[PDB]
Amino acid sequence: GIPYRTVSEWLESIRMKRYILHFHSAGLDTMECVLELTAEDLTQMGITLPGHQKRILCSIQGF
Ligand SMILES: [Cl-]
Numbered sequence: 279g280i281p282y283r284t285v286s287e288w289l290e291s292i293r294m295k296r297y298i299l300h301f302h303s304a305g306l307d308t309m310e311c312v313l314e315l316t317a318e319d320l321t322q323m324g325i326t327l328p329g330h331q332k333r334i335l336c337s338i339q340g341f
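So the numbering used here is basically just the index in the sequence shown, starting at one, shifted up by 278.
So this is what it looks like as structure tokens:
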């Protein structure tokens, strides 16, 4: 990939679309915006549950 074309498609595929507003209000609206995200970025974004951070960060590493 990137094997996803939209942030929304990517999040849905990893079952984290519950965090879609968190990504948009932090101005991350394309796949290229997310490639270098860290657990610190997620926390600051309000995504703090560790298994969810892991789900998201593992997915990006898997691209
Ligand atoms: Cl993109």
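All C-beta atoms, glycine included, are put in the ideal place defined by N, C-alpha and C.
Which two residues bound the contiguous alpha helix (DSSP H) that contains residue i?
| i | result |
| --- | --- |
| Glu287 | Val285 to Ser291 |
| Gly329 | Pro328 to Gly340 |
If I measure Cβ to Cβ from residue i and keep anything under 8 angstroms in the same chain, skipping five residues before and after, which residues do I get?
| i | result |
| --- | --- |
| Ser286 | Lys295 and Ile298 |
| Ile334 | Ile292, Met294, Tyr297, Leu315, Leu320 and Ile325 |
| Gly279 | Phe341 |
| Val312 | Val285, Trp288, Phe301, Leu306 and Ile338 |
Sorted by chain position, which residues of the same chain lie with C-beta nearer than 6 angstroms to residue i's C-beta, five sequence neighbours on each side aside?
| i | result |
| --- | --- |
| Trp288 | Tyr282 |
| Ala304 | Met323 |
Which of helix, strand or coil does DSSP assign to residue i?
| i | result |
| --- | --- |
| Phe301 | helix |
| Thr321 | helix |
| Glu310 | helix |
Excluding the 5 residues flanking residue i on each side, which residues of the same chain have their C-beta closer than 7 angstroms to its C-beta?
| i | result |
| --- | --- |
| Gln331 | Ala317, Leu320 and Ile325 |
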